[PDB]
Amino acid sequence: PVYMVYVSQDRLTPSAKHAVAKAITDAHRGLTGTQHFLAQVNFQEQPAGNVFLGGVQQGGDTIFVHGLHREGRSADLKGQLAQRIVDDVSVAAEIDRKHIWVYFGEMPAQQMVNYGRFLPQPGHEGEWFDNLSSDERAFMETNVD
Amino acid sequence: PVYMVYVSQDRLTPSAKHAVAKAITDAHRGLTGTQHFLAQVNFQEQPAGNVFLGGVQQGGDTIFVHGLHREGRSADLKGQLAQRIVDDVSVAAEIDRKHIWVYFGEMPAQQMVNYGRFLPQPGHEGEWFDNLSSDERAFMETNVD
Amino acid sequence: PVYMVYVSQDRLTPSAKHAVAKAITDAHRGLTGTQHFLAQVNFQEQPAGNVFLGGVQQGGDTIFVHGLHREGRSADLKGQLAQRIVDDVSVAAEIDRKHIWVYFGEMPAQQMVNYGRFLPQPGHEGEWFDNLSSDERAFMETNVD
């Protein structure tokens, strides 16, 4: 799945980026079964003050998580996953929840490419892991915590 | 709402960013009834030349707005909201309509959180506010202008 | 369409940006019939290290393409389009296919604006064009390469 994380520049240090990305990947794989390496966490940093809420300019603390998922998961499980991301980014980034916004958008996997391959749907992903395999299977194996 | 606003770097001065964030905030609350403080504006600045149209590179004038809503509103009203955003950002930012792109994507409210809480349905944002935590109500009340 | 392209900073030379944008514009125009100038390519550069896969930080090579489309096109056509984008970007940008992710999201044409004007349905693009103002038509005609 793709996790766009919008943050102000220099609110997350390198270690805190590694921590938040770990937490998000851990939550996603824990709740969906997705293989670790399929989770992109992609940090979009902008200068603090680029964020407005109700027209009031903000400091550097607001974190917005735009998660792009395959269609096919239950509303209950998406609710759990988003809450757990709220909690776990609170902890990893060591920031209060009030600054955490979380949105999941869903597409058909048939229009979703990861690592250059069309995603299967959660009716697969164990079987899916065949692929352009070898160079591909092994390129994925490394991008795992 | 979360409004992603993609613009070329330092094309809007901070004061102009404030003006565009108030155009958008005012538009969403006027047509939807939502609070003021629920409107996030997140400016993504990239250097000029990053926007290509028909393969032709651009200067710093393109504004692209990706507004993320929860589902439940009519097409008629969404068109009115997008049109008003086109016009009022044109004035606040001092840019022509021909440079303005606006896209609304919709999600179920149950898979969208912010200020650390799951959104309600568009029918009734008063309930949700009065039922939130007191510390959270007060933090949201600070982001209103 | 708007094609959000997430890239590592200063990994694409200006000419490589022109090549990637042209590759995506030509793919969309060729496979769908839309006019050249309707293809927006928006490059979002972040410093290498902002991208995590399975919790592992990457060098400056991961590319993610988030395409924003109107509704109405078939899964077959979207699949070919995503595949063509993967291949044509792999060559234009000189990147391996395993570094390429592509996601298409779709909205109703009535909640979508380009050049300050409401998009039509995909069965409409030519009839749609001629009735735009003569200045809006001509600003569009220059955005063709």
# chains A, B, ... in the order shown; residues from 1 in each chain; ligands from 1
call {"tool": "select_by_dssp", "arguments": {"residues": "chain A", "states": "helix (DSSP H, G or I)", "output": "PyMOL selection string"}}
result
chain A and resi 14-32+36-38+75-93+97-99+109-111+137-142
call {"tool": "closest_atom_pairs", "arguments": {"of": "chain A", "to": "chain B", "cutoff": "10 Å", "atoms": "only C-alpha atoms", "output": "CSV"}}
result
residue,atom,partner,partner_atom,distance
A:6,CA,B:42,CA,8.5
A:7,CA,B:42,CA,9.6
A:44,CA,B:44,CA,8.3
A:45,CA,B:44,CA,8.4
A:46,CA,B:44,CA,6.5
A:47,CA,B:45,CA,8.8
A:49,CA,B:14,CA,8.5
A:50,CA,B:43,CA,5.3
A:51,CA,B:42,CA,4.7
A:52,CA,B:41,CA,4.8
A:53,CA,B:40,CA,4.5
A:54,CA,B:37,CA,4.0
A:55,CA,B:22,CA,5.0
A:56,CA,B:143,CA,5.5
A:57,CA,B:18,CA,7.3
A:58,CA,B:143,CA,8.4
A:62,CA,B:115,CA,9.3
A:63,CA,B:114,CA,9.9
A:64,CA,B:114,CA,8.6
A:65,CA,B:113,CA,9.6
A:66,CA,B:112,CA,9.5
A:75,CA,B:111,CA,7.1
A:76,CA,B:110,CA,8.6
A:77,CA,B:111,CA,9.5
A:78,CA,B:111,CA,6.1
A:79,CA,B:111,CA,5.7
A:80,CA,B:111,CA,9.2
A:81,CA,B:111,CA,9.1
A:82,CA,B:111,CA,7.0
A:83,CA,B:113,CA,8.2
A:86,CA,B:116,CA,6.6
A:87,CA,B:116,CA,8.9
A:90,CA,B:116,CA,9.6
A:96,CA,B:116,CA,8.6
A:97,CA,B:116,CA,4.9
A:98,CA,B:115,CA,4.2
A:99,CA,B:115,CA,5.8
A:100,CA,B:116,CA,5.4
A:101,CA,B:114,CA,4.1
A:102,CA,B:113,CA,4.9
A:103,CA,B:112,CA,4.5
A:104,CA,B:111,CA,6.0
A:105,CA,B:107,CA,6.3
A:106,CA,B:107,CA,8.3
call {"tool": "calpha_fit_rmsd", "arguments": {"fixed": "chain C", "moving": "chain B"}}
result
0.4 Å
call {"tool": "residues_around", "arguments": {"residues": "residue B:11", "least_positions_apart": "5", "cutoff": "9 Å", "atoms": "only C-alpha atoms", "output": "list in words"}}
result
residues 16, 45, 48, 60 and 61 of chain B
call {"tool": "atom_distance", "arguments": {"atom1": "atom CA of residue B:120", "atom2": "atom CA of residue C:67"}}
result
28.3 Å
